[PDB]
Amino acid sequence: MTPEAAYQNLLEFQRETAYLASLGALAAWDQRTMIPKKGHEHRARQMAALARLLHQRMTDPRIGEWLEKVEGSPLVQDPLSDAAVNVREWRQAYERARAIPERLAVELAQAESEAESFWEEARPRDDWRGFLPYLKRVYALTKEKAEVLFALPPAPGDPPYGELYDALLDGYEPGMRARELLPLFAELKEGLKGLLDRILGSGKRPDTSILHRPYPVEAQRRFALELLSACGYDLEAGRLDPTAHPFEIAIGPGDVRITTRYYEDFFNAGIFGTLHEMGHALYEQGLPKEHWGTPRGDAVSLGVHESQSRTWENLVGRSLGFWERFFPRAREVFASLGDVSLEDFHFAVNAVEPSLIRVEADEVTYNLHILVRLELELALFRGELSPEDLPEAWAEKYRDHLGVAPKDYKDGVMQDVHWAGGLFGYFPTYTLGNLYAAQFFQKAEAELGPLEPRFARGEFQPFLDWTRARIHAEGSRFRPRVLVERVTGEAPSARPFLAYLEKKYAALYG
């Protein structure tokens, strides 16, 4: 068996797994939108059976045989080639899937399910004491999983793991290590606190009460569809439906779906949430279809994915140019806007406020919430902090980073599901997406010409085409750090994000 024959067998087998898994993607979409109230228990059973099948296919020893025969062949010598890109990822997933003992996968999966469902009810009850045993168990098995993965050799071509955490972080953000995040976030922290301090001393507005007037849900839907169409989302290849928790989900080429949630009495949630999910969807629709089902045709990381959602939510969607374009229409469709000026509205949708809850934070304060979760997760995995001491260390860092501290557990350390779901090394990606987005955006402006005037006329397609040629077309060919450097000429940095904020908020807050 030549390396070419083995590469074909491996591509066919891996592509078939992706097709079967995408029926899982469809069922997950349906579970959150169309499913009958009484159909959930069966759906879970269906998902569980699919998961067993995929676990068999992802650990089939044939994958090792074929990989053994392809690796070191000429076919893969060029790291930039499709085959090298694919095999690099296939090897790394195979090795990680085979290295976890079933005993450990099963206990971890069970502990995360128990802690998630206990957390649903315990957060409204402010019940740390009863939640902690569940979180303690999830941490432990997560830590045990980290050690297993750490002891594997990293993928050929990437920075080695520096410490335990990196083995978790690498799953969500290939190639990203703590020793790169440290300087990145230190620079961001200093710049955000200085900018917050200047906003706090401004004595200017914003009139957020404008956003809490009435905004009929059905008019929000119609207005969001106009926005989706003008920005370039292909509605013939997607759809928009209501859900309890907005998400985007890619079913396959020609089928990328958005969901959102509207609030009769809050403009932001449904409009900017639709735009945020549109950004994700635009990435998925711009990936190269001839590589669907392979690593060359998959999104490269959560950071880059979040860079595309945040590009369209904030850098476009919350910009002066965007609203110069669409504010007249909004006054036509929303009675609560009849007596509202463009300047008031643009300032209102960009209000800044230190607050306890991350998922409600403005773009200036949001990333400080991520820093504290990062700082705590590193303390945990470095063995310097214990889950029992998490509530005090949480408020300590909320006071130093944001200048406000929780008075309870509900709106404090228990506010997010992530840790109960065993999502450690996940949070930094939210911030990486913001830093990447501004860095991409700055190069796009430098190559395309300033974009505010173009947005004001509704011309979004050149910037969209630019993100396709620079980012979406590449799939997983380049690790994020390398992709950022190929598009922008420099390694990931916080300065473009800070420059973007400093200019935008120097103008709004005088």
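For every residue, the number given is its place in the sequence shown, counted from 1.
Asker: Please compare 194 to 202 with 309 to 317 and name the stretch with the higher mean C-alpha B-factor in the deposited structure.
Answerer: Result: 194 to 202.
Asker: Pick between 335 to 343 and 281 to 289: the one whose mean CA B-factor in the entry is higher.
Answerer: Result of the comparison: 335 to 343.
Asker: Between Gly232, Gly254, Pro156, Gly270, let me know which has the highest C-alpha B-factor in the entry?
Answerer: Each of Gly232, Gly254, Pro156, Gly270 was compared by C-alpha B-factor; the highest is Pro156.
Asker: Between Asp126, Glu89, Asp166, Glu324, which one tops the list for Cα B-factor in this entry?
Answerer: Across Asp126, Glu89, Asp166, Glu324, the entry lists the biggest C-alpha B-factor for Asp126.
Asker: Determine, from the deposited record, the chain-internal third of the Cα B-factor for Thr243: lowest, middle or highest.
Answerer: CA B-factor rank for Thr243: middle third.
Asker: Among the modelled residues of this chain, does the Cα B factor of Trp419 put it in the lowest, middle or highest third?
Answerer: For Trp419, whose C-alpha B-factor we compare with every modelled residue in the chain, the answer is the middle third.
Asker: Quick one: classify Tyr409 as lowest, middle or highest third of the chain based on its Cα B-factor.
Answerer: Its C-alpha B-factor, which the entry lists for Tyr409, ranks in the highest third among residues of this chain.
Asker: What third of the chain, by the recorded C-alpha B-factor, contains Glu187?
Answerer: Its C-alpha B-factor, which the entry lists for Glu187, ranks in the middle third among residues of this chain.
Asker: Going by the recorded CA B-factors, say which third of the chain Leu54 sits in, lowest, middle or highest.
Answerer: Tercile = highest for this residue's CA B-factor.
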